[PDB]
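Atom set for the values below is all heavy atoms of this structure, side chains included, hydrogens, waters and symmetry mates excluded. Sequence lines set the chain letters: A, B, ... in the order given, protein chains first and strands last, and positions in each chain run from 1.
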Amino acid sequence: XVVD
Amino acid sequence: XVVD
Amino acid sequence: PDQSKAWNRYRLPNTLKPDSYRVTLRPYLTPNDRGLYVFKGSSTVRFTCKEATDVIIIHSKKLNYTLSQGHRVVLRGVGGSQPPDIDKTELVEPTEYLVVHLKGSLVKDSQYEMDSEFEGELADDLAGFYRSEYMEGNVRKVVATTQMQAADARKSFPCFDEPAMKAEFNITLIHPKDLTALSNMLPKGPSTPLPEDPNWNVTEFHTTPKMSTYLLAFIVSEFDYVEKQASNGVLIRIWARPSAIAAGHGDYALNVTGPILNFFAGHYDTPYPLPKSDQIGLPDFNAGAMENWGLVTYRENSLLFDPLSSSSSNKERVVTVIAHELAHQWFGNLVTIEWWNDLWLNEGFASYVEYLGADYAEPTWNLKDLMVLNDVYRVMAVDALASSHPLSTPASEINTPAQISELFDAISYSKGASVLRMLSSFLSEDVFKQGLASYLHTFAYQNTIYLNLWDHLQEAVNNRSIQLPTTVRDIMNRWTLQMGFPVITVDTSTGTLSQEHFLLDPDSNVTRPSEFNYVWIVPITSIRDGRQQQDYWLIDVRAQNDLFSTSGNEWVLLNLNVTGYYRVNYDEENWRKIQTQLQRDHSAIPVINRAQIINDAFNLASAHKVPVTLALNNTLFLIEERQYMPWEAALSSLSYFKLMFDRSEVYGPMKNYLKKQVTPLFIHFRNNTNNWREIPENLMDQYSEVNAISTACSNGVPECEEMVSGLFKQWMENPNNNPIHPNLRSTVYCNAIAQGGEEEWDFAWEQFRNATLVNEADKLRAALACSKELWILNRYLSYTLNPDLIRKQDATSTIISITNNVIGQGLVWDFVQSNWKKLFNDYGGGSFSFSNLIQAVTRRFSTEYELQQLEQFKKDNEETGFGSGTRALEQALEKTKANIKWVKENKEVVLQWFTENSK
Amino acid sequence: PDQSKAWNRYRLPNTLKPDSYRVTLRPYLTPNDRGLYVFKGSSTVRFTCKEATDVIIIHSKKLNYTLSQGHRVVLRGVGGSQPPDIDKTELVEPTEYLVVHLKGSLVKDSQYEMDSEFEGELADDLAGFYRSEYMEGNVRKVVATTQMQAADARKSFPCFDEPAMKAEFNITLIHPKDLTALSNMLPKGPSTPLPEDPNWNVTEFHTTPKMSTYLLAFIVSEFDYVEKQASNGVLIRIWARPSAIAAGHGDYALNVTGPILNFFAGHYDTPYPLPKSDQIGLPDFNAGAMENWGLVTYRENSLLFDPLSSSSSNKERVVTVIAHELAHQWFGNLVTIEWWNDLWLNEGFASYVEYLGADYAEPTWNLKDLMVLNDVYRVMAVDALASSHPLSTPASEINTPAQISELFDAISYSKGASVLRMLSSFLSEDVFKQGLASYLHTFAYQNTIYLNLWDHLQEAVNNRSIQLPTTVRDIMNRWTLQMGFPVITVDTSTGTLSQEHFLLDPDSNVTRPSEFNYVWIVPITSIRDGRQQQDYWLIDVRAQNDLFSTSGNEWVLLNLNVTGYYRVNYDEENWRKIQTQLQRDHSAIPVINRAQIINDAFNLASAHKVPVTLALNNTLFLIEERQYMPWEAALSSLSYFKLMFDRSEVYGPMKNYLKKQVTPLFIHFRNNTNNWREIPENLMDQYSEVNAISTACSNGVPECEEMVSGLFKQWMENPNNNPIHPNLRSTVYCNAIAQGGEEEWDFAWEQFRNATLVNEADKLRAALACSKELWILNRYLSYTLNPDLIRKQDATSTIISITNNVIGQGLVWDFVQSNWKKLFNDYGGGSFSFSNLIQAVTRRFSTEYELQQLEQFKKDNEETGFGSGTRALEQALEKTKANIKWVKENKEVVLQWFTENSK
Ligand SMILES: *[C@@H]1O[C@H](CO)[C@@H](O[C@@H]2O[C@H](CO)[C@@H](O)[C@H](O)[C@H]2NC(C)=O)[C@H](O)[C@H]1NC(C)=O
Ligand SMILES: *[C@@H]1O[C@H](CO)[C@@H](O[C@@H]2O[C@H](CO)[C@@H](O)[C@H](O)[C@H]2NC(C)=O)[C@H](O)[C@H]1NC(C)=O
Ligand SMILES: *[C@@H]1O[C@H](CO)[C@@H](O[C@@H]2O[C@H](CO)[C@@H](O)[C@H](O)[C@H]2NC(C)=O)[C@H](O)[C@H]1NC(C)=O
Ligand SMILES: *[C@@H]1O[C@H](CO)[C@@H](O[C@@H]2O[C@H](CO)[C@@H](O)[C@H](O)[C@H]2NC(C)=O)[C@H](O)[C@H]1NC(C)=O
Ligand SMILES: *[C@@H]1O[C@H](CO)[C@@H](O)[C@H](O)[C@H]1NC(C)=O
Ligand SMILES: *[C@@H]1O[C@H](CO)[C@@H](O)[C@H](O)[C@H]1NC(C)=O
Ligand SMILES: *[C@@H]1O[C@H](CO)[C@@H](O)[C@H](O)[C@H]1NC(C)=O
Ligand SMILES: *[C@@H]1O[C@H](CO)[C@@H](O)[C@H](O)[C@H]1NC(C)=O
Ligand SMILES: *[C@@H]1O[C@H](CO)[C@@H](O)[C@H](O)[C@H]1NC(C)=O
Ligand SMILES: *[C@@H]1O[C@H](CO)[C@@H](O)[C@H](O)[C@H]1NC(C)=O
Ligand SMILES: *[C@@H]1O[C@H](CO)[C@@H](O)[C@H](O)[C@H]1NC(C)=O
Ligand SMILES: *[C@@H]1O[C@H](CO)[C@@H](O)[C@H](O)[C@H]1NC(C)=O
Ligand SMILES: [Zn+2]
Ligand SMILES: [Zn+2]
């Protein structure tokens with residue numbers, strides 16, 4: 001994962 | 001009574 | 001508590017009836033070593049035993065007794081009666097009694113006297129004998145003053161405190177030698193020094209007429225006055241703080257009071273029997289004014305008037321409130337309600353008759369017309385609910401002080417006034433006043449119920465050989481004993497009329513049965529193409545008459561000048577003809593009926609009786625309407641749309657529509673006033689101008705925003721030279737604060753704190769609630785609860801102003817849910833204005849979420865209860881449920897209509 | 001369900017272990033007669049029986065099976081095994097299994113193959129094999145694409161869908177002949193026409209390495225690309241919508257991707273083993289990016305970059321996100337977590353290593369320093385709660401997909417990064433990377449737990465003869481297996497240090513026991529009057545060392561450049577010396593430590609460890625601070641004050657204080673940029689400028705309000721010639737909307753709807769939430785829920801922007817309470833960003849009223865539960881209770897401080  |  | 005004991009029941013026994021009282025009261029206007037202001041008193045009541053009894057039950061509230069001869073009171077014989085010994089006394093707090101248990105029974109038709117010595121707090125609580133405070137420079141002035149109505153005479157001395165227990169009162173006030181004592185009557189002989197301490201004087205007053213306890217007044221102050229003997233020989237004095245009197249601010253009251261008193265005496269062929277009528281303005285006062293017989297009390301903003309700083313609206317308030325309280329000298333004082341369930345016999349009368357008196361004093365203002373907006377349409381809002389109540393509620397339902405105070409409401413006042421307006425219309429005022437003169441003559445110094453009124457109006461009808469479809473009683477019982485009012489629906493194709501009980505929510509549950517089946521006997525006036533037709537009486541649920549049939553281009557309208565307490569619907573073809581008339585030449589329809597067309601259609605739309613687009617279409621002509629009344633009716637009806645939609649996508653288009661509709665009127669006034677240098681000559685045009693500014697600025701007319709911000713800035717630059725005409729101040733202040741920031745708010749707050757006129761302080765106090773900043777509204781809410789900053793008399797009024805602001809809604813509702821005990825106990829939970837707070841905070845509710853909060857609020861506060869706001873909570877639940885459904889049904893159609901008509 | 005049955009338990013049995021899979025998938029990119037987009041597939045999994053069993057339990061989610069030979073699957077032998085017959089199959093929905101019940105038992109250490117044929121919806125749900133949509137002119141383009149992490153591979157084909165079940169995968173995609181098929185590997189031979197229908201092609205891909213199911217990617221599109229072979233021989237391609245590629249918007253990604261990949265390969269002495277690494281940007285994507293091995297997927301705003309319209313901040317996001325996902329090729333793909341409880345081994349590593357890669361590509365930006373704000377202080381907020389969790393949670397607590405998704409949080413990412421930053425600091429990066437190279441070599445194509453990491457770092461320590469106070473395991477277990485971090489308190493009179501677990505609320509209840517007693521082994525760096533001292537290790541709760549003793553004018557500070565994961569407190573005399581230094585010459589303290597002094601003191605004040613006025617006094621020097629970092633630390637800490645006070649009397653004075661503090665900086669930038677014509681050269685100065693504008697405008701600097709409104713107006717007058725530099729757009733748009741009205745909002749909304757850059761749309765989408773009008777915020781909230789207006793990927797992010805607005809608080813909280821099932825089911829209740837929504841809507845709560853709503857919300861939704869937001873709800877309850885107490889204790893002192901210091 002970036003969660004954003 | 002005026003209540004006002 | 002045990003209901004089998006008389007002292008646990010709220011109504012007094014019928015066993016004892018007072019004849020007369022002497023009361024001595026001594027207020028202490030400096031604090032004691034405890035920091036408390038107190039009053040000390042004594043009383044003797046002479047009373048007649050009507051039925052043998054071994055208990056004396058008398059009202060007593062927050063009084064401490066000095067023991068005498070071993071008990072709280074002493075009981076003595078009169079005319080040879082020989083009363084039993086006292087066993088013991090008790091104070092029963094819920095029912096507010098002193099209970100004197102006797103060792104034997106009193107004798108039927110014998111008199112007795114009971115002596116008491118007592119002390120109470122002269123509290124800042126605006127009830128009973130209480131204290132009011134003001135500053136003269138840095139000197140604290142403390143006034144002892146009274147408010148007894150409804151149930152607070154018992155807070156000053158023990159008494160049989162119900163309105164039908166009339167008696168004569170012999171008042172003595174003991175007061176500092178430098179201060180003036182006032183009461184209902186004139187002083188009896190000179191004021192003498194107190195023997196124990198010559199720093200105090202003793203002032204005894206002449207005996208009152210036979211009268212109700214709630215009308216007693218006792219005042220100790222250093223006020224000044226102006227005076228003038230009225231043309232009927234009665235002495236009028238206007239009393240107020242010395243600086244106000246010196247400034248001339250009592251002069252307008254002096255100009256109008258005596259002339260109105262004389263007018264009423266002539267109109268009702270019934271003299272005012274007392275030697276004087278004092279009008280006095282108090283710095284701290286719960287209500288607006290109070291009709292105490294011989295000593296009428298007022299808030300300062302209701303009595304005083306400054307021609308250089310008060311608005312025309314303020315001037316109208318002064319003359320109307322004076323006229324109202326003077327009306328009560330006849331309808332309330334001379335003749336008094338038997339019990340509070342029939343309160344409209346006092347308040348409905350004063351609310352109608354005030355216009356006659358005010359019109360007498362100011363004949364160029366055309367005040368009588370304002371009844372349609374200020375009474376008829378005002379009360380129809382609540383009287384279209386299933387949880388409304390009849391004008392005369394059954395007496396057995398009205399028992400507690402909370403239930404009594406609750407009735408000082410739109411029904412008792414404005415429906416009372418509306419039904420009397422209707423009655424005057426179908427009888428004629430000549431026949432009406434003839435029956436009233438008879439009523440007043442017969443029942444002078446006594447008490448009445450609604451039936452007594454009908455009997456005397458009938459006597460006048462019978463003398464004039466006036467033919468009605470039935471007796472006055474049977475007509476008027478329909479309007480008095482069942483709640484609500486009819487909508488009269490006309491089919492102009494056939495000339496059929498029908499009536500049904502008008503409910504804002506079709507699905508609401510009317511649980512109060514009516515022995516009249518919610519059918520009325522209705523006097524119907526009408527016009528055809530502007531020409532008045534013959535009158536008609538609708539007696540059945542449906543009828544047919546060619547008066548109501550049209551063909552070709554003809555239109556009809558019912559209820560000319562809205563004299564009748566009913567709404568009107570038509571077939572859609574007649575509505576379209578009315579709308580065509582409004583486009584062709586709106587002046588062809590009487591101005592009051594233009595207001596009617598707008599207000600009725602909006603209400604009908606809510607009830608699913610016309611499409612909402614029909615009601616909105618009725619507002620299209622307003623773009624060329626200059627009259628105050630139709631615009632005010634529209635703005636009043638659209639208030640509901642704002643409450644429903646100002647947190648929604650509908651609001652932009654709504655504002656765009658109002659901006660479009662008001663711009664030409666705003667520009668008209670800009671030009672006509674020579675760029676705001678002048679105000680219109682006519683009062684209604686003055687009011688139209690104020691509404692045009694308010695509406696233009698609220699809805700984003702750029703010229704208006706620039707004007708108000710410019711004027712307020714000019715004032716900030718020259719604080720001692722206010723450039724804003726008094727008529728414009730409320731709206732300029734509010735909108736300048738809304739458009740501005742912390743700097744404008746802080747300036748207005750300092751102006752409020754430093755105010756030397758109640759009228760000016762009031763305008764600033766309302767304006768400060770117009771901030772769009774949540775942090776500022778929160779800070780302001782904290783000030784409303786601080787009696788050093790905002791007088792207690794003004795706390796809940798200011799809270800209401802905050803909740804009316806869309807940004808203040810969540811803030812105040814959350815506060816009310818979180819602080820219910822505090823508000824209930826300390827902010828008038830059992831008094832007159834509490835329903836107003838509940839109404840204001842809940843009227844936006846239109847969601848299941850808010851409904852669930854309201855239901856939980858009811859559940860969570862069961863133990864405290866809701867005091868004089870109990871019915872208002874039931875009404876709020878009903879309206880919220882109606883609102884959820886209405887928004888669902890109307891939001892899309894309304895969004896589209898405002899979008900498509902605002903361009 | 002019955003817990004004794006293996007198919008009702010969330011973890012797979014250990015009885016079967018897959019070896020390899022072939023999967024064929026065929027998406028249908030036009031709707032069927034039902035209006036559904038579907039995909040059809042087949043699979044064969046070869047697996048080894050590890051323990052005799054009569055059931056095959058395999059993951060399957062939202063798949064429908066085509067019966068073959070009488071059952072949902074076919075079971076075959078391998079290498080002579082002879083499997084039993086299938087009895088029946090079932091789908092068990094809660095645990096997401098296909099369960100194959102057998103008539104006998106499989107044999108230990110034998111292989112079997114299972115064949116399936118299936119169909120699923122190619123839904124717009126951003127999970128599994130799903131559809132993404134965009135427009136090219138008026139032509140609808142539909143893309144089939146994937147997101148498997150954490151637990152959605154099973155939504156595309158049946159598989160043993162846990163990360164330690166590694167296997168090789170043989171992928172075939174059947175797709176329209178005109179569209180390109182992409183997967184992890186390169187195609188195996190040419191794409192051939194489908195025999196049944198030559199309008200479709202068949203593309204088979206080379207076998208993957210041994211890898212986890214969550215890393216599989218399958219994409220069918222008509223995207224274009226740019227390409228370049230990296231210096232390590234690996235082919236890099238950047239894929240996106242044709243118009244973006246043609247415009248050059250993939251060029252920045254191409255500039256940095258290969259060089260970063262090569263950098264990591266060298267730094268960790270471990271080659272990237274695959275022939276290519278595709279980067280691809282999707283129009284609809286749940287997360288920010290995803291490290292699929294060989295096919296890295298991104299939101300457009302994370303990969304594409306327009307040098308003429310994207311900001312410097314956007315550019316930093318692109319290089320850092322690319323660096324992050326590339327870091328995972330080593331830390332996550334080659335070496336993979338054994339189970340999700342140890343997620344930081346993937347995400348904490350990528351979060352730290354991203355800075356090394358980004359710094360390599362952009363060495364002038366000094367990005368590594370941003371770790372202090374973006375990781376350390378970011379995570380310390382939640383890690384100071386009793387309801388935080390250890391970096392490595394016990395594996396037995398992490399079972400459901402909701403519990404797994406919940407761990408993609410500030411702990412796993414930013415605490416992971418912080419602890420690695422600390423470890424690198426005390427080991428040196430040379431020793432650190434040596435141990436990591438060993439770790440990667442040993443565990444390549446396998447799975448690890450935290451202990452495996454310590455063993456390999458220990459090997460490097462032992463080889464270098466580095467002496468530590470104990471083993472790497474025992475030091476690092478303190479930071480990994482217990483939650484929280486210490487505050488280190490220094491008494492500079494005596495040189496004593498002590499540590500205790502830092503809790504924001506002293507009264508909070510830590511219920512998770514620690515076998516380490518919440519005592520840490522802490523590497524302590526320090527400076528004395530700006531000169532670095534010898535390093536120290538604090539091993540006990542208290543110690544004494546002359547390193548920490550001062551006399552005369554000397555000051556000390558601990559944690560130079562905040563390399564250690566701890567906060568620091570001092571005796572008040574040392575704090576006063578620090579404040580004196582800040583007044584005398586603030587440049588004498590390293591810039592990171594100026595941020596530290598501010599952020600630590602504010603947190604300490606909350607915990608009652610310093611007076612709040614000490615923390616506020618630490619902000620006084622900011623009036624002459626030009627550096628980005630200390631200002632950003634202050635603004636971050638003061639965010640809490642805004643949340644606590646922006647609905648209160650404290651807010652005016654707070655804004656007045658910030659206005660005063662920022663005005664000279666704002667004026668400095670006005671002058672230095674030649675009236676906003678230029679931007680600073682240095683990245684940190686660019687960020688300082690943006691914060692100065694944002695802060696000036698939010699807090700009422702008149703020159704700022706005029707500037708932003710002027711620029712936005714100029715843009716409205718020339719829509720195709722935007723005069724606002726990209727760096728300034730977010731703040732200018734937001735503040736111009738806040739200062740304006742319906743006209744500005746409508747203009748920005750149309751710009752958003754017509755946007756042709758995700759970076760531009762994102763700035764507008766956030767700005768629209770800055771309206772001060774409640775009706776506009778309500779209307780905007782309704783748009784967030786309409787997928788035709790705001791893409792589903794952006795719905796909850798936009799809701800968060802609305803609730804951050806003080807006027808949006810009540811609106812959104814009431815909406816969340818009223819729509820919980822809808823949000824839970826349709827807006828990612830089991831996914832990554834759900835905790836963010838709960839956190840945002842509750843962080844203002846500071847009243848008993850709001851606490852009671854939150855508690856009732858928990859009770860009312862017990863049955864639905866809170867999915868991946870469960871811990872966030874517990875944290876919200878803890879914080880709300882702390883906030884009520886903090887406001888009570890601090891509101892008066894804070895009001896007075898801001899009032900007295902803002903003048
Ligand atoms: C209140 O004052 C009135 C008037 O002085 C008193 O009325 C007198 O009462 C006496 C004794 O009963 C009668 O004989 C007189 O005829 C009354 N005079 C008048 C003018 O009515 C009355 O008693 C006083 N009441 C109290 C309780 O003190
Ligand atoms: C409110 O007025 C609108 C506008 O006049 C009415 O809609 C029109 O109705 C006429 C006659 O039926 C049509 O021929 C027009 O085309 C309509 N115009 C538009 C713009 O829609 C509407 O009917 C009125 N509402 C009601 C309840 O009568
Ligand atoms: C996936 O493809 C690989 C590579 O073609 C297959 O691996 C071969 O498997 C056979 C049969 O078991 C072995 O004899 C060969 O040695 C393997 N080749 C290599 C290079 O490993 C694998 O069988 C395929 N898996 C599935 C399920 O189809
Ligand atoms: C924050 O700073 C204020 C202002 O300097 C401190 O209050 C002062 O303290 C000194 C030394 O004790 C006094 O002599 C001054 O008279 C104070 N000035 C004012 C304006 O109050 C305050 O102590 C600081 N806060 C903390 C916690 O140290
Ligand atoms: C009345 O008595 C109660 C009980 O002693 C006391 O608290 C109160 O102050 C008294 N009121 C006055 C006005 O003295
Ligand atoms: C007080 O008493 C004296 C008589 O001793 C009198 O002259 C004076 O006017 C009285 N004052 C008031 C205000 O009643
Ligand atoms: C009262 O009447 C007088 C005489 O008619 C008049 O001059 C004066 O303006 C009036 N005062 C007020 C305040 O209206
Ligand atoms: C009605 O007429 C009678 C007889 O003339 C008269 O005594 C009475 O007062 C009148 N009543 C009314 C209400 O006019
Ligand atoms: C799977 O089967 C269910 C039940 O028949 C059906 O509702 C659903 O549409 C199917 N899914 C697909 C993608 O065909
Ligand atoms: C589809 O198949 C043909 C071979 O028949 C090939 O030339 C073509 O490039 C393929 N296209 C794609 C996009 O895979
Ligand atoms: C990529 O690198 C080239 C060559 O160094 C440079 O000219 C170009 O500006 C860069 N592109 C971007 C978008 O930064
Ligand atoms: C440690 O040294 C040994 C012996 O030289 C070497 O084989 C091993 O790879 C080294 N390990 C690390 C982590 O450097
Ligand atoms: Zn990651
Ligand atoms: Zn009245």
Side-chain angles (χ1 to χ4, degrees), chain C residues 642 644-656 659 699-700 702 705 738-739 741-743 745-746 771-783 805-820 844-845 847-853 856-857 860 891 895 902, chain D residues 642 644-656 659 699-700 702 705 738-739 741-743 745-746 771-783 805-820 844-845 847-853 856-857 860 891 895 902:
Chain C
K642 179 178 148 51
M644 292 303 95
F645 293 128
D646 71 0
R647 299 172 299 165
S648 82
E649 69 180 341
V650 177
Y651 202 44
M654 179 172 173
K655 291 201 294 174
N656 298 342
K659 176 182 179 294
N699 295 285
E705 319 294 355
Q739 293 290 299
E742 208 184 5
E743 190 178 342
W745 201 95
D746 289 346
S771 177
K772 301 179 177 181
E773 297 182 76
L774 188 48
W775 81 264
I776 294 180
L777 296 177
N778 265 261
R779 183 175 69 177
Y780 193 33
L781 183 59
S782 84
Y783 298 172
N805 184 327
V806 68
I807 303 303
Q809 173 66 32
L811 164 66
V812 178
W813 174 225
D814 296 349
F815 167 78
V816 165
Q817 293 168 86
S818 302
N819 294 274
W820 190 248
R844 275 203 178 77
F845 296 171
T847 64
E848 187 57 36
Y849 178 79
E850 289 160 308
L851 175 63
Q852 290 178 19
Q853 296 182 306
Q856 192 63 45
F857 168 83
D860 289 349
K891 63 167 160 77
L895 171 62
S902 61
Chain D
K642 179 178 148 51
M644 292 303 95
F645 293 128
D646 71 0
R647 299 172 299 165
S648 82
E649 69 180 341
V650 177
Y651 202 44
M654 179 172 173
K655 291 201 294 174
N656 298 342
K659 176 182 179 294
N699 295 285
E705 319 294 355
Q739 293 290 299
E742 208 184 5
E743 190 178 342
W745 201 95
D746 289 346
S771 177
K772 301 179 177 181
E773 297 182 76
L774 188 48
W775 81 264
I776 294 180
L777 296 177
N778 265 261
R779 183 175 69 177
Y780 193 33
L781 183 59
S782 84
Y783 298 172
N805 184 327
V806 68
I807 303 303
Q809 173 66 32
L811 164 66
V812 178
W813 174 225
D814 296 349
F815 167 78
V816 165
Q817 293 168 86
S818 302
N819 294 274
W820 190 248
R844 275 203 178 77
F845 296 171
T847 64
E848 187 57 36
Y849 178 79
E850 289 160 308
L851 175 63
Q852 290 178 19
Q853 296 182 306
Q856 192 63 45
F857 168 83
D860 289 349
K891 63 167 160 77
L895 171 62
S902 61

With a 4.5 angstrom heavy-atom cut-off, could you sort out which part of D/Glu773 is near chain C: side chain, backbone, both or neither? side chain
Side chain, backbone, both or neither: which part of C/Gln852 has an atom under 4.5 Å from a heavy atom of chain D? neither
Is chain D contacted by the side chain of C/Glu848, its backbone, both, or neither, given a heavy-atom distance below 4.5 Å? neither
For the atom pair CD (D/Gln853) and CG (C/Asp814), what is the distance rounded to the nearest 0.5 Å? 6.0 Å
Heavy-atom pair of closest approach, residues C/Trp775 and D/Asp646: CB-O, 3.6 Å
For the interface with chain C, which of D/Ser818, D/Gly652, D/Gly810 has the highest count of heavy-atom pairs at distances below 4.5 Å? D/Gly652
Applying a strict 4.5 Å limit to non-hydrogen atoms, the region of D/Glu850 in contact with chain C is neither
pair D/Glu742-C/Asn656: side-chain heavy atoms closer than 4.5 Å: yes
Which value, rounded to the nearest 0.5 Å, describes the distance between D/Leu774 atom CG and C/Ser648 atom OG? 9.5 Å
Between D/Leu781, D/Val806, D/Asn778, who has the most heavy-atom pairs with chain C when the cutoff is under 4.5 Å? D/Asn778
With a 4.5 angstrom heavy-atom cut-off, is it the side chain or the backbone of C/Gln817 that approaches chain D, or both, or neither? side chain
